[PDB]
Amino acid sequence: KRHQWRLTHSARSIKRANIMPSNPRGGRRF
Amino acid sequence: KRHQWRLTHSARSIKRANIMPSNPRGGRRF
Amino acid sequence: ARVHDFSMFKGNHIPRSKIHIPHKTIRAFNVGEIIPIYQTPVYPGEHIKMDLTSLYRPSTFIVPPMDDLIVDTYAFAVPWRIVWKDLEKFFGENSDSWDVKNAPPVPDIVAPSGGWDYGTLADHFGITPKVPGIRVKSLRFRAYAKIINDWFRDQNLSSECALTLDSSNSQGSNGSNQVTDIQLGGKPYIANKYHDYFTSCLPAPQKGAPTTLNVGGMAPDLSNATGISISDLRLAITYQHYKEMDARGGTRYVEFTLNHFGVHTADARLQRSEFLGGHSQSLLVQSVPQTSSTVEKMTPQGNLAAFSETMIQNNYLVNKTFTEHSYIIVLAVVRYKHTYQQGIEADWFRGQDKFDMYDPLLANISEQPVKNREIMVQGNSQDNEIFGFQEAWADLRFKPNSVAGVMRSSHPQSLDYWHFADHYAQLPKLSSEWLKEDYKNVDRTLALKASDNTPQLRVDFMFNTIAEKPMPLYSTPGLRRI
Amino acid sequence: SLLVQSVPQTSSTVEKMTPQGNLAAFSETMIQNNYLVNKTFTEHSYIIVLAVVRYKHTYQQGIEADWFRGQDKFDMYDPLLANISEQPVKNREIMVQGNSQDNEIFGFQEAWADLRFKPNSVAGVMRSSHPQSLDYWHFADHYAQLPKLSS
Amino acid sequence: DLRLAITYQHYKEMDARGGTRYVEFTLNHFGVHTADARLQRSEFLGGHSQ
Amino acid sequence: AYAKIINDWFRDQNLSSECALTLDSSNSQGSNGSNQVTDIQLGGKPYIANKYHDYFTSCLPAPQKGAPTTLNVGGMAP
Amino acid sequence: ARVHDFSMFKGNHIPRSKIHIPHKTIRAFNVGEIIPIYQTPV
Amino acid sequence: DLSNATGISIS
Amino acid sequence: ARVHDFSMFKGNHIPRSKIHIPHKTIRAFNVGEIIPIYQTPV
């Protein structure tokens, strides 16, 4: 629960994802 | 039983807790 | 049997949607400072759901310390109405008939000369420091002070932070004054150290003047002089019970109601800021052996240093719905438990006669003084003078944490960099200044000191909120009604 | 995202150096892409594969728009003002200079969007303008002049 | 400018129908019941009509 | 306390102002007057209830509470 | 895991009882007047 | 320069 | 694991209906000519 790796650098985690074409605000840009 | 982590610094352990409003001696202070 | 009496139109239909709002902020500060790490406006009817993830990195330690650092995080709701008196007038509640004519705007606070400094309250609220000539609405600075007064103040040793309720503008400050400068956005408020034997002492055996039985001074052998009735005796005893109850429990009106009548009164009824949630956790300390060779005038191979890296998770930090305009403020503070090397325990002084020793018959006597020799022993007349008051025979319920030998600070070659224990230059007084947490005890254990202007802490905060708000899913121009 | 492996300092503390126990880092990450391309081609064509590394942004020089609301009750959010036109994002929100440019327009956003967003921030010694600055801990933006909305 | 004006008229008309006391403002604009004691109003206990 | 109940419940906020209510610690001077605003907290004549909601008692001073909303007209000429 | 943090004494014990209080008052007034007919401290 | 001229109400 | 990345408003709602459109035209031409007999915008 407490001990963890040499892998912790930030509070926020980012999840891997497949990229899909999308239409966000103001048109398509990747 | 003997071997333990790089995590031992003191004889006393402190347990995590939810904070609740309480009325200790002399009024409320956090 | 039925006639036409006007009723509500039920009003319009209000849109509603759920919104995920992520937020990340990076901070650096010292031990003992109460630091606002989050703020948001909340409009009536919002349900807020908040999770927090924190990563604490203290400065590296010279050795792994034989002491602990503890983090407390707090969430509060402050209605704009208890911070500012003209809130209702602002949305159009009128003392006179029909519409309000002149409603004052939300008050402003103006930056100090050269702007606010680094590390001030304005800095952590998100006001950019060192930018002169800027002004900002002041209600959140007022909201901060309100939370200190309702929760964090010690009502016995200090006065409350200044809090203005009016519509007039204010002048920001860089000052460190703990009373006047809090609402002005200056240095943060310093938390009080945890309750223990010495931190729980009180100024007097009761809160009030000590209750006595009357003595007349009249002389004509002295005629008359009367006496004291059993009825006057009963009054005096109840006055002493009253003031002693006020000393134990606190005299805030929320505290008065619980101690005298045994009743829980809601914070919102009494116009206090609402406590949402909180969590408390100690920090991890990872020790590092020295794998470099021993060099002359250096630490030897096998020496242990330390670093500290801790990931704390707060789920459900805030879960609730809001019925009025309010601010959510989230606070964080780091503190440690205290140990005392300069005093002598009270039992070493007992034994003048048998009434110094504990007895069940002397179980219910008045609060007894804690002597200065117990906190700091100077070998002079001040030793037997009073530091403060504690319940009778409390030293038999407590054994303050201590240090002995080379570990203690006064030794010429001292090991005190192993611990956080207090060190006093003069005899401490029971007061507001002594009761505050002290970052200098932690500071002698650090490889890079804060006296050198290295912040003791570097923290990464990640906020994830689910907000159910009275807004449309997307706000797209164009109106439904004309 | 990429992995970051932190390394403690096991050498002794030397004067004018980092102390024993200091943490540095290295980054080593193995990414697998299966089925990056699966398809058939009906005409002469080129396949091009592209790679780019980016980070999420945090903003230390502006002030959030809600600190400026409250001239009158129509500055505050209301359900009736839910469907109004796109509203300007002021320069003071991206960079606050304490001069006349603060109330000038940086760009336009949907109405009441600052109530749906809380830009990532930095405070204290962490921010770049501090004379002794810890900003080598993060990626946050730093602007020499007022940025313009532009390419 | 036309959309702003129309919303201002909707706002003032909502205030006329429902009343502008802050307990009344909260119900008409946000659809929320706020307790009388929170707002420092005297509490209604009961009543009868005959 | 009496005046407070009138202001919270019985007052019509559209046609009249609220009863005077002092929150301070200073003493006050009682009154025999019939003034429905100033004399209520002074113990004078009782407050008179408003008549029940009907067609005429439900009328309002203006079509909106505020000034009527208009579209702007500039007066400039070369 | 546990240390001594001050807490409430729970205070004294407060007595409690039920009381029947009858009251009768006779009034005369006109139509439309809002008349206080009762008051008590609580 | 023309004074007055009023306008048009939402009504 | 999740953060706020802009996405489509889904736009407005577009109406839709079915329409019967009759059309009649009368022509005269010779053999071999390729003759447009109908046109419509879509």
Side-chain angles (χ1 to χ4, degrees), chain C residues 1-3 5-8 88 93 95 97 238 242 253-254 256-271, chain E residues 19 21-24 26-27 33-50, chain F residues 1-23 25-54 57, chain G residues 14-42:
Chain C
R2 63 180 300 174
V3 176
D5 296 347
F6 278 83
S7 63
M8 178 178 71
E88 294 93 351
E93 181 171 357
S95 55
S97 64
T238 55
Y242 194 96
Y253 186 69
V254 62
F256 179 88
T257 293
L258 179 65
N259 298 135
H260 289 269
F261 296 88
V263 175
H264 294 288
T265 303
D267 291 338
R269 177 182 288 273
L270 296 178
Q271 286 184 324
Chain E
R21 290 185 178 90
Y22 186 69
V23 62
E24 296 167 349
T26 293
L27 179 65
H33 294 288
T34 303
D36 291 338
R38 177 181 288 273
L39 297 178
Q40 285 184 324
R41 301 180 71 245
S42 59
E43 295 175 353
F44 173 77
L45 301 182
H48 179 67
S49 182
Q50 183 169 349
Chain F
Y2 182 86
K4 177 64 172 171
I5 297 170
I6 300 302
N7 288 339
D8 287 346
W9 299 95
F10 295 90
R11 180 173 80 99
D12 182 69
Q13 85 208 283
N14 299 331
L15 298 174
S16 65
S17 62
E18 69 185 351
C19 297
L21 176 59
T22 299
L23 302 176
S25 296
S26 60
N27 290 340
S28 62
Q29 177 61 255
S31 180
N32 285 331
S34 62
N35 186 333
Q36 292 291 311
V37 173
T38 60
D39 293 343
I40 297 299
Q41 62 174 10
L42 301 177
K45 303 307 288 184
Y47 186 83
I48 296 170
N50 295 291
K51 56 185 71 173
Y52 296 108
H53 294 281
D54 69 14
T57 58
Chain G
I14 289 99
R16 184 171 299 279
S17 61
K18 289 168 62 180
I19 305 166
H20 174 56
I21 302 168
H23 180 62
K24 181 172 176 286
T25 189
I26 304 168
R27 306 295 181 89
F29 52 89
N30 291 335
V31 169
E33 298 175 351
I34 299 170
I35 300 301
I37 55 171
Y38 188 85
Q39 72 179 27
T40 190
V42 186

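To find a chain, count down the sequence lines: A is the first, B the second, and so on, and within it residues start at 1. Every heavy atom of this structure was used, including side-chain atoms; hydrogens, water molecules and symmetry mates were not.
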On a heavy-atom basis, which atom in [X] and which in [Y] lie closest, and how many Å separate them?
| X | Y | value |
| --- | --- | --- |
| F:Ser17 | F:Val37 | OG-CG2, 3.7 Å |
| E:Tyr22 | C:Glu93 | N-OE1, 3.2 Å |
| G:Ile35 | F:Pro46 | CD1-CG, 3.8 Å |
| C:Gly262 | G:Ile14 | N-CD1, 3.8 Å |
| F:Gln36 | F:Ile48 | OE1-N, 3.2 Å |
| F:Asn50 | F:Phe10 | ND2-O, 3.0 Å |

Salt-bridge contact C:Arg269-E:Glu43 (side-chain N to carboxylate O under 4.0 Å): yes
CA sep, side-chain torsions, deciding dist, call: E:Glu24, F:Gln13, side chain to side chain donor-acceptor pair (under 3.5 Å): CA-CA 11 Å; E:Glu24 296 167 349; F:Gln13 85 208 283; 3.3 Å; yes
Counting distance only, does the side-chain N/O of [X] pair as donor-acceptor with the main-chain N or O of [Y] below 3.5 Å?
| X | Y | answer |
| --- | --- | --- |
| F:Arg11 | F:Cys19 | no |
| F:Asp8 | E:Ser42 | yes |
| C:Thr265 | C:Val254 | no |
| F:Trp9 | E:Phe44 | no |

From CA spacing to verdict: side-chain contact (heavy atoms from CB on, under 4.5 Å), F:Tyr47, F:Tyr2: CA-CA 9 Å; F:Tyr47 186 83; F:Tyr2 182 86; 3.8 Å; yes
Enclosure of F:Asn32 CG (heavy-atom neighbours >12, cutoff 6.0 Å): no
Would you say the side chain of [Y] lies within less than 4.5 Å of the side chain of [X], judging by non-hydrogen atoms?
| X | Y | answer |
| --- | --- | --- |
| F:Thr57 | F:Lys51 | yes |
| C:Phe256 | C:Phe261 | yes |
| F:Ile5 | F:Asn7 | no |

Whether G:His23 and G:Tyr38 hold their rings parallel, tilted or perpendicular, with breakpoints at 30° and 60°: perpendicular
Non-neighbouring partners of G:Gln39 that pass side chain to side chain contact (heavy atoms under 4.5 Å, CB included), sequence neighbours left out: none
Partners meeting side chain to side chain contact (heavy atoms under 4.5 Å, CB included) with F:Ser31 (sequence neighbours left out): F:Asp39, F:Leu42
Once rounded to the nearest 0.5 Å, what's the spacing between atom [atom1] of [X] and atom [atom2] of [Y]?
| X | Y | atom1 | atom2 | result |
| --- | --- | --- | --- | --- |
| F:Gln41 | F:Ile6 | CD | CD1 | 13.0 Å |
| F:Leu23 | F:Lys4 | CG | NZ | 8.0 Å |
| E:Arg21 | E:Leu39 | CZ | CG | 12.0 Å |
| F:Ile40 | F:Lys45 | CD1 | NZ | 10.5 Å |

Any pair counted as salt bridge (charged side-chain N to carboxylate O under 4.0 Å, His left out), so long as it reaches residues 16-30 of chain G, sequence neighbours left out: none
